[PDB]
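Beneath this line is the structure, given in structure tokens, with notes to follow.
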Amino acid sequence: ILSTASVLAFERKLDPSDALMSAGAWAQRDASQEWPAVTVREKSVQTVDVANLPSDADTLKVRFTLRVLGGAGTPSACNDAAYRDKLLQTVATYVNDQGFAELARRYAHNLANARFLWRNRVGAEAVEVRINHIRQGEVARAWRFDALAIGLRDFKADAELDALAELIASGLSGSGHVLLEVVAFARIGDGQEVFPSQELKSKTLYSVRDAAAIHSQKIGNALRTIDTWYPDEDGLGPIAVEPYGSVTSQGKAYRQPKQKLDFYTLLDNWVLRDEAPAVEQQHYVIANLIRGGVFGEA
Amino acid sequence: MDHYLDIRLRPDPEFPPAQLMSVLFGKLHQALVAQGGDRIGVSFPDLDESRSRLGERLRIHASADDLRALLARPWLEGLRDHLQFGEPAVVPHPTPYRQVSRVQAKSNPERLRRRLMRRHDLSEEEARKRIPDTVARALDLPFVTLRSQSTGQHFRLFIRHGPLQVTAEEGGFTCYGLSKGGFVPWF
């Protein structure tokens with residue numbers, strides 16, 4: 001019968017580090033090595049926490065590190081060996097048909113524009129993103145994009161974007177180990193408030209060691225905004241790759257279980273009943289496989 | 001004043017439209033401060049008075065030269081991913097006119113206690129007895145939360161649309177686009 005395993009946990013690919021923040025001045029960003037870090041301070045209004053850029057600074061320095069793992073098809077925990085073999089065969093056919101081509105282009109795009117600067121990008125007049133391919137502690141291949149030219153809603157083509165995309169595809173395929181140091185620069189303004197992640201003093205903000213920072217899962221969610229193949233209406237753009245296409249901002253879920261568009265039914269009939277879905281839909285399925293999960297029946 | 005530019009809010013998978021409205025309103029305030037002029041009118045085409053909703057569409061009213069001066073200003077950078085920009089078309093002739101006004105409130109009694117300290121030199125208990133804590137003003141009006149470059153405190157600015165008239169006379173406009181006696185057409 002080859003039913004779905006009762007445990008099918010997947011470890012996540014595309015590991016994001018906690019994105020630090022730092023204060024800097026534009027046209028001096030080429031020496032961004034000992035800039036001061038944005039610190040969350042306590043100001044009573046009731047006591048609240050706020051984080052704002054210093055007076056003699058106009059650029060944010062959100063920096064994080066990304067590991068591209070590979071082996072997205074292999075589950076960390078499984079019960080049925082036949083189901084694992086069938087799923088691995090299905091992922092092998094997906095890889096042979098296309099070798100992580102389109103998904104890597106979308107991930108390279110989402111790295112190109114500083115969408116991981118969630119609320120630090122809408123109010124910034126100039127956003128610059130620098131991406132390095134560090135190898136053995138040294139930068140092997142350096143990139144430098146401008147986030148304004150690369151929109152949040154279109155997925156175009158570019159030579160540097162193609163190079164970053166083939167690097168991401170090589171990482172996701174398992175042909176090599178890919179380590180990316182992503183540094184983003186945004187002209188948020190002089191003394192304007194920044195928006196780090198919020199912790200649960202009515203409201204408090206995230207920090208790691210005397211420095212405001214963004215949660216790793218926020219950066220991962222921003223990197224998962226590659227889903228454009230849902231039944232879009234009212235002109236919504238790319239959404240974060242989630243099971244049942246859930247978007248908290250809209251408060252509603254696309255790819256409902258009533259339609260044949262959620263991740264679970266397509267995974268099932270793709271590996272159980274051999275009904276391969278559309279190429280875009282199978283891209284969505286492999287995206288859910290890359291992000292990991294606690295999938296499996298009960 | 002005969003022209004208008006319409007801004008629609010693209011739905012956003014990361015942000016509700018309220019803070020997007022606040023960000024764009026701050027950007028247009030900065031653009032009008034840099035540009036100058038007193039003939040820029042704001043409008044909420046889909047303002048809902050049942051639940052004090054701001055709406056999902058924006059209409060800015062100006063002349064042709066004012067509109068091209070506004071769109072020539074580079075404030076539009078960094079916000080195209082969430083808005084529509086139509087064309088500076090002429091407003092329809094048979095349109096009722098209404099006014100927009102910023103209605104502030106004395107919601108904090110301690111501000112006025114500090115004020116009367118600087119005006120009448122009263123003590124703490126005198127201001128406490130003179131001003132109770134129930135004098136806070138609650139407004140069932142749509143609002144936007146912004147912080148200023150001059151003073152970093154976050155201030156809430158209420159926007160209210162006046163009654164529909166049949167004609168409009170010449171009036172002024174503030175830096176926020178709110179009318180100090182002017183009117184904007186409704187359509």
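Residues in the structure tokens are named by chain (A, B, ... in the order shown) and by number from 1 within that chain; ligands are numbered from 1 in the order shown.
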Exercise for review: Just the residues within 8 Å of residue 21 of chain B, please, counting only C-alpha atoms, with nothing from its chain fewer than 4 positions along; format it as a PyMOL selection string.
Suggested key: chain B and resi 17+25+144
Practice item. May I have the residues of chain A within 7 Å of chain B, counting only C-alpha atoms, written as a PyMOL selection string? Key: chain A and resi 122-125+148+151-152+235-236+239+247+249-250
Selection file, C-alpha atoms, as a compact mmCIF listing (two decimals), in the first residue's frame:
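Below is the file that was written, part22.txt:
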```txt
# COMPACT_ATOMS: atom_id res chain seq x y z
CA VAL A 122 10.25 50.26 3.30
CA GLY A 123 11.50 53.49 4.92
CA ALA A 124 15.02 53.40 3.43
CA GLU A 125 15.90 55.55 0.42
CA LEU A 148 15.92 48.73 -5.25
CA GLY A 151 11.75 44.16 -6.93
CA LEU A 152 9.86 42.19 -4.30
CA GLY A 235 -2.75 41.11 -6.73
CA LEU A 236 -0.87 39.59 -3.79
CA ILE A 239 4.31 34.68 0.04
CA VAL A 247 -0.04 34.18 5.73
CA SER A 249 -0.54 39.43 7.65
CA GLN A 250 -3.62 38.65 5.55
```
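Residues lying within 12 Å of segment 108-110 of chain B, counting only C-alpha atoms and ignoring same-chain neighbours fewer than 6 positions away, are residues 45 of chain A; 116, 117, 124, 125, 127, 128, 129, 130, 131, 132, 133, 134, 135, 136, 137 and 138 of chain B.
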Selection to disk with C-alpha atoms, as an mmCIF file, in the first residue's frame:
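Below is the file that was written, selection.cif:
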```cif
data_model
loop_
_atom_site.group_PDB
_atom_site.id
_atom_site.type_symbol
_atom_site.label_atom_id
_atom_site.label_comp_id
_atom_site.auth_asym_id
_atom_site.auth_seq_id
_atom_site.Cartn_x
_atom_site.Cartn_y
_atom_site.Cartn_z
ATOM 1 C CA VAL A 45 6.506 56.372 28.009
ATOM 2 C CA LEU B 116 -0.228 75.138 33.672
ATOM 3 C CA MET B 117 2.930 74.725 35.757
ATOM 4 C CA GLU B 124 1.575 69.049 41.844
ATOM 5 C CA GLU B 125 -1.478 68.534 44.062
ATOM 6 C CA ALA B 127 -2.871 70.413 39.195
ATOM 7 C CA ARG B 128 -3.978 66.948 40.334
ATOM 8 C CA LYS B 129 -7.125 68.319 41.991
ATOM 9 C CA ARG B 130 -7.790 70.810 39.185
ATOM 10 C CA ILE B 131 -7.339 68.205 36.431
ATOM 11 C CA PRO B 132 -8.710 64.698 37.114
ATOM 12 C CA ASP B 133 -7.529 61.647 35.187
ATOM 13 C CA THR B 134 -10.918 61.204 33.464
ATOM 14 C CA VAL B 135 -10.458 64.228 31.156
ATOM 15 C CA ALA B 136 -8.738 62.074 28.520
ATOM 16 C CA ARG B 137 -10.305 62.519 25.083
ATOM 17 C CA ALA B 138 -11.186 59.323 23.205
#
```
Exercise for review: Pick out each residue of segment 5-184 of chain B that DSSP on the backbone tags as alpha helix (DSSP H); I need them as JSON, numbers by chain.
Suggested key: {"B": [17, 18, 19, 20, 21, 22, 23, 24, 25, 26, 27, 28, 29, 30, 31, 32, 33, 34, 35, 64, 65, 66, 67, 68, 69, 70, 71, 72, 109, 110, 111, 112, 113, 114, 115, 116, 117, 118, 119, 120, 124, 125, 126, 127, 128, 129, 130]}
Run DSSP on the backbone and grab whatever in chain B lands in strand (DSSP E); send it over as a short mmCIF file (atom, residue, chain, number, x, y, z; two decimals) with N, CA, C and O atoms, in the first residue's frame.
```
data_model
loop_
_atom_site.label_atom_id
_atom_site.label_comp_id
_atom_site.auth_asym_id
_atom_site.auth_seq_id
_atom_site.Cartn_x
_atom_site.Cartn_y
_atom_site.Cartn_z
N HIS B 3 -6.58 68.40 -10.97
CA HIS B 3 -6.04 67.08 -11.21
C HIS B 3 -6.00 66.27 -9.91
O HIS B 3 -6.15 66.79 -8.81
N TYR B 4 -5.81 64.96 -10.06
CA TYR B 4 -5.68 64.07 -8.92
C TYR B 4 -4.79 62.90 -9.30
O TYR B 4 -4.70 62.52 -10.47
N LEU B 5 -4.14 62.32 -8.29
CA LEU B 5 -3.33 61.12 -8.45
C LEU B 5 -3.82 60.08 -7.45
O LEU B 5 -4.00 60.39 -6.27
N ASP B 6 -4.04 58.86 -7.93
CA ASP B 6 -4.64 57.80 -7.13
C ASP B 6 -3.58 56.77 -6.76
O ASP B 6 -2.84 56.29 -7.63
N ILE B 7 -3.50 56.44 -5.47
CA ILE B 7 -2.56 55.45 -4.96
C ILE B 7 -3.36 54.31 -4.35
O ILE B 7 -4.12 54.51 -3.39
N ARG B 8 -3.19 53.11 -4.89
CA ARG B 8 -3.81 51.91 -4.34
C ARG B 8 -2.78 51.12 -3.54
O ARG B 8 -1.60 51.05 -3.90
N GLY B 41 -4.09 68.55 -1.50
CA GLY B 41 -5.20 68.00 -0.74
C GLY B 41 -5.18 66.49 -0.71
O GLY B 41 -4.84 65.84 -1.70
N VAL B 42 -5.55 65.93 0.44
CA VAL B 42 -5.59 64.49 0.64
C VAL B 42 -7.03 64.02 0.60
O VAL B 42 -7.98 64.78 0.80
N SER B 43 -7.20 62.72 0.32
CA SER B 43 -8.53 62.13 0.23
C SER B 43 -8.44 60.64 0.52
O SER B 43 -7.46 59.99 0.17
N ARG B 57 -7.22 52.45 -0.27
CA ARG B 57 -6.95 53.27 -1.44
C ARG B 57 -6.71 54.70 -0.99
O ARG B 57 -7.35 55.18 -0.05
N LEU B 58 -5.78 55.38 -1.67
CA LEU B 58 -5.42 56.76 -1.37
C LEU B 58 -5.57 57.62 -2.61
O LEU B 58 -5.22 57.20 -3.72
N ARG B 59 -6.09 58.83 -2.42
CA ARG B 59 -6.21 59.82 -3.48
C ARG B 59 -5.58 61.13 -3.01
O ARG B 59 -5.99 61.67 -1.98
N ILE B 60 -4.61 61.63 -3.76
CA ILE B 60 -3.97 62.91 -3.49
C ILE B 60 -4.40 63.89 -4.57
O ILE B 60 -4.48 63.55 -5.75
N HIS B 61 -4.74 65.11 -4.15
CA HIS B 61 -5.30 66.12 -5.04
C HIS B 61 -4.36 67.32 -5.11
O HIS B 61 -3.97 67.87 -4.08
N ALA B 62 -4.01 67.71 -6.34
CA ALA B 62 -3.11 68.84 -6.57
C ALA B 62 -3.32 69.32 -8.00
O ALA B 62 -4.13 68.78 -8.75
N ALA B 89 -4.93 62.63 -13.78
CA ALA B 89 -6.12 62.89 -14.58
C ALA B 89 -6.95 63.99 -13.95
O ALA B 89 -6.88 64.25 -12.75
N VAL B 90 -7.76 64.64 -14.79
CA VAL B 90 -8.64 65.71 -14.33
C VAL B 90 -9.79 65.10 -13.53
O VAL B 90 -10.39 64.10 -13.93
N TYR B 97 -18.05 68.22 -2.69
CA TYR B 97 -16.81 68.62 -2.06
C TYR B 97 -16.91 68.45 -0.55
O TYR B 97 -17.95 68.73 0.05
N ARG B 98 -15.82 67.97 0.06
CA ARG B 98 -15.72 67.81 1.50
C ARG B 98 -14.34 68.25 1.96
O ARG B 98 -13.39 68.32 1.17
N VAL B 100 -11.00 68.04 4.80
CA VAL B 100 -10.22 67.16 5.66
C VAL B 100 -9.54 68.01 6.72
O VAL B 100 -9.02 69.09 6.43
N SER B 101 -9.58 67.54 7.97
CA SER B 101 -9.06 68.30 9.10
C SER B 101 -8.38 67.36 10.08
O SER B 101 -8.85 66.25 10.33
N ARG B 102 -7.25 67.82 10.63
CA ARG B 102 -6.54 67.09 11.67
C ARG B 102 -7.14 67.47 13.02
O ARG B 102 -7.02 68.63 13.45
N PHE B 143 -6.80 57.12 12.27
CA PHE B 143 -5.57 57.75 12.75
C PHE B 143 -4.36 57.08 12.12
O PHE B 143 -4.44 55.96 11.60
N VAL B 144 -3.23 57.79 12.17
CA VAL B 144 -1.94 57.28 11.74
C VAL B 144 -0.91 57.61 12.81
O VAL B 144 -0.91 58.71 13.37
N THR B 145 -0.04 56.64 13.11
CA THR B 145 0.98 56.79 14.15
C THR B 145 2.32 57.07 13.48
O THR B 145 2.84 56.23 12.74
N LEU B 146 2.89 58.25 13.75
CA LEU B 146 4.16 58.66 13.16
C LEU B 146 5.04 59.31 14.21
O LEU B 146 4.58 59.81 15.23
N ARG B 147 6.34 59.30 13.92
CA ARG B 147 7.34 60.03 14.69
C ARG B 147 7.97 61.09 13.80
O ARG B 147 8.14 60.88 12.59
N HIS B 154 6.65 59.59 19.13
CA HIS B 154 5.65 59.09 18.20
C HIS B 154 4.30 59.74 18.49
O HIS B 154 3.75 59.59 19.58
N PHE B 155 3.77 60.46 17.50
CA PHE B 155 2.51 61.18 17.64
C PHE B 155 1.44 60.55 16.76
O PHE B 155 1.72 60.09 15.65
N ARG B 156 0.22 60.53 17.27
CA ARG B 156 -0.93 60.00 16.54
C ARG B 156 -1.71 61.16 15.93
O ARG B 156 -2.05 62.12 16.63
N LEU B 157 -1.99 61.07 14.63
CA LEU B 157 -2.65 62.13 13.88
C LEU B 157 -3.98 61.61 13.36
O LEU B 157 -4.01 60.72 12.50
N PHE B 158 -5.08 62.15 13.89
CA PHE B 158 -6.41 61.77 13.44
C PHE B 158 -6.79 62.53 12.18
O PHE B 158 -6.49 63.71 12.03
N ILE B 159 -7.46 61.83 11.26
CA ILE B 159 -7.97 62.42 10.02
C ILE B 159 -9.47 62.21 9.98
O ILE B 159 -9.96 61.08 10.16
N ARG B 160 -10.22 63.29 9.75
CA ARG B 160 -11.67 63.25 9.70
C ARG B 160 -12.14 63.96 8.43
O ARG B 160 -11.62 65.02 8.09
N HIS B 161 -13.11 63.37 7.75
CA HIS B 161 -13.66 63.92 6.52
C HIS B 161 -14.96 64.65 6.83
O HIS B 161 -15.84 64.11 7.51
N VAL B 184 -11.75 69.21 -0.72
CA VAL B 184 -11.35 68.27 -1.77
C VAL B 184 -12.61 67.63 -2.36
O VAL B 184 -13.59 67.41 -1.63
N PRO B 185 -12.64 67.36 -3.66
CA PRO B 185 -13.81 66.69 -4.25
C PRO B 185 -13.91 65.24 -3.81
O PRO B 185 -12.92 64.59 -3.46
#
```
Closest atom pairs, segment 218-270 of chain A residues within 10 Å of segment 71-87 of chain A, only C-alpha atoms, as a tab-separated table:
```
residue	atom	partner	partner_atom	distance
A:267	CA	A:87	CA	8.9
A:268	CA	A:87	CA	9.7
A:270	CA	A:87	CA	8.8
```
Which neighbours of segment 165-172 of chain A fall inside 9 Å, counting only C-alpha atoms, when residues of the same chain fewer than 3 positions from it are skipped, and could you give them as a short mmCIF file (atom, residue, chain, number, x, y, z; two decimals) with N, CA, C and O atoms, in the first residue's frame?
```
data_model
loop_
_atom_site.label_atom_id
_atom_site.label_comp_id
_atom_site.auth_asym_id
_atom_site.auth_seq_id
_atom_site.Cartn_x
_atom_site.Cartn_y
_atom_site.Cartn_z
N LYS A 13 16.94 22.90 5.48
CA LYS A 13 18.03 23.38 4.66
C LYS A 13 18.02 24.90 4.65
O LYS A 13 17.07 25.53 5.14
N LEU A 14 19.09 25.49 4.12
CA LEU A 14 19.28 26.95 4.09
C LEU A 14 19.25 27.53 5.50
O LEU A 14 18.33 28.27 5.87
N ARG A 67 23.99 28.89 5.48
CA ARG A 67 24.56 27.61 5.05
C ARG A 67 23.56 26.90 4.15
O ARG A 67 22.42 26.68 4.55
N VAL A 68 24.01 26.52 2.96
CA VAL A 68 23.20 25.74 2.03
C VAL A 68 23.65 24.29 2.15
O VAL A 68 24.82 23.97 1.88
N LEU A 69 22.73 23.41 2.54
CA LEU A 69 23.10 22.07 3.01
C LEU A 69 23.08 21.03 1.90
O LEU A 69 24.11 20.42 1.59
N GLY A 70 21.93 20.83 1.28
CA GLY A 70 21.75 19.74 0.34
C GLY A 70 21.14 18.51 0.99
O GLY A 70 20.99 18.42 2.21
N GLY A 71 20.80 17.55 0.15
CA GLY A 71 20.12 16.35 0.60
C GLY A 71 18.75 16.63 1.16
O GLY A 71 18.39 16.14 2.24
N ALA A 72 17.97 17.44 0.44
CA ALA A 72 16.66 17.87 0.94
C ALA A 72 15.68 16.71 1.01
O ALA A 72 14.75 16.73 1.82
N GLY A 99 17.74 20.46 -11.90
CA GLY A 99 18.67 20.34 -10.80
C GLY A 99 18.65 21.52 -9.85
O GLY A 99 19.64 22.25 -9.75
N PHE A 100 17.53 21.69 -9.15
CA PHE A 100 17.32 22.80 -8.21
C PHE A 100 17.55 24.14 -8.90
O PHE A 100 18.26 25.00 -8.39
N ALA A 101 16.96 24.31 -10.08
CA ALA A 101 17.25 25.49 -10.89
C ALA A 101 16.39 26.69 -10.51
O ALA A 101 16.92 27.75 -10.16
N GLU A 102 15.07 26.54 -10.57
CA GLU A 102 14.19 27.68 -10.35
C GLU A 102 14.15 28.07 -8.88
O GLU A 102 14.17 29.27 -8.55
N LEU A 103 14.10 27.08 -7.99
CA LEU A 103 14.08 27.36 -6.56
C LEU A 103 15.33 28.13 -6.13
O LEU A 103 15.25 29.07 -5.34
N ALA A 104 16.49 27.75 -6.68
CA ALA A 104 17.72 28.46 -6.36
C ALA A 104 17.71 29.88 -6.91
O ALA A 104 18.24 30.80 -6.27
N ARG A 105 17.12 30.09 -8.09
CA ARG A 105 17.00 31.45 -8.61
C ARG A 105 16.12 32.31 -7.71
O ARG A 105 16.45 33.48 -7.44
N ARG A 106 15.02 31.75 -7.19
CA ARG A 106 14.18 32.52 -6.28
C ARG A 106 14.88 32.79 -4.95
O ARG A 106 14.74 33.88 -4.38
N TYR A 107 15.62 31.81 -4.41
CA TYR A 107 16.36 32.05 -3.17
C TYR A 107 17.45 33.09 -3.37
O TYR A 107 17.68 33.94 -2.49
N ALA A 108 18.14 33.05 -4.51
CA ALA A 108 19.14 34.07 -4.82
C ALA A 108 18.52 35.44 -4.97
O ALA A 108 19.11 36.44 -4.56
N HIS A 109 17.32 35.52 -5.57
CA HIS A 109 16.61 36.79 -5.62
C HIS A 109 16.28 37.30 -4.22
O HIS A 109 16.60 38.44 -3.89
N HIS A 133 30.92 34.60 -0.91
CA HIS A 133 31.07 33.15 -0.86
C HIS A 133 32.41 32.87 -0.20
O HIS A 133 33.45 32.77 -0.86
N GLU A 160 24.86 38.18 -12.43
CA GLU A 160 25.26 37.97 -11.04
C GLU A 160 24.22 37.16 -10.29
O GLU A 160 24.56 36.31 -9.46
N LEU A 161 22.93 37.41 -10.58
CA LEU A 161 21.87 36.60 -9.99
C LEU A 161 21.96 35.15 -10.46
O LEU A 161 21.70 34.23 -9.68
N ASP A 162 22.35 34.93 -11.72
CA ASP A 162 22.51 33.56 -12.20
C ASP A 162 23.70 32.87 -11.54
O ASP A 162 23.64 31.67 -11.26
N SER A 175 26.62 18.93 -4.31
CA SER A 175 27.90 18.86 -5.00
C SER A 175 29.02 19.60 -4.27
O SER A 175 30.19 19.44 -4.63
N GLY A 176 28.68 20.41 -3.27
CA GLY A 176 29.69 21.12 -2.51
C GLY A 176 29.06 21.78 -1.30
O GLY A 176 27.84 21.76 -1.13
N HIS A 177 29.91 22.36 -0.47
CA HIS A 177 29.48 23.04 0.74
C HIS A 177 29.53 24.54 0.50
O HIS A 177 30.58 25.08 0.12
N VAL A 178 28.41 25.22 0.72
CA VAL A 178 28.25 26.63 0.40
C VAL A 178 28.02 27.40 1.69
O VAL A 178 27.07 27.11 2.44
N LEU A 179 28.89 28.37 1.96
CA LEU A 179 28.76 29.26 3.11
C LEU A 179 28.72 30.69 2.60
O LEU A 179 29.62 31.12 1.88
N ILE A 290 12.57 21.51 1.54
CA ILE A 290 13.80 22.21 1.89
C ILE A 290 13.66 22.90 3.24
O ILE A 290 14.57 22.86 4.07
#
```
Exercise for review: Please identify all polymer residues within 12 Å of residue 246 of chain A, counting only C-alpha atoms, omitting same-chain residues fewer than 3 positions from it, and present them as a PyMOL selection string.
Suggested key: (chain A and resi 221+225+227+230+239-243+249-257+262-263) or (chain B and resi 13-14)
Practice item. Find the residues around segment 180-197 of chain A up to 8 Å (only C-alpha atoms counted), leave out those fewer than 6 positions away in its own chain, and share them as an MDAnalysis selection string. Key: chainID A and resid 26 29 50:67 111 114 118:121 123:134 205:206 212:215
Practice item. Compile the contact shell of residue 94 of chain A as a list in words: residues with an atom at most 10 Å away, counting only C-alpha atoms, same-chain residues fewer than 5 positions apart removed. Key: residues 73, 88, 89, 99, 100, 276, 279, 282, 283 and 286 of chain A
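For the set A:139, A:90, A:5, A:261, the residue with the smallest atom-to-atom gap to residue 298 of chain A is A:5, counting only C-alpha atoms.
One finds atom CA of residue 186 of chain B at 24.5 Å from atom CA of residue 36 of chain B.
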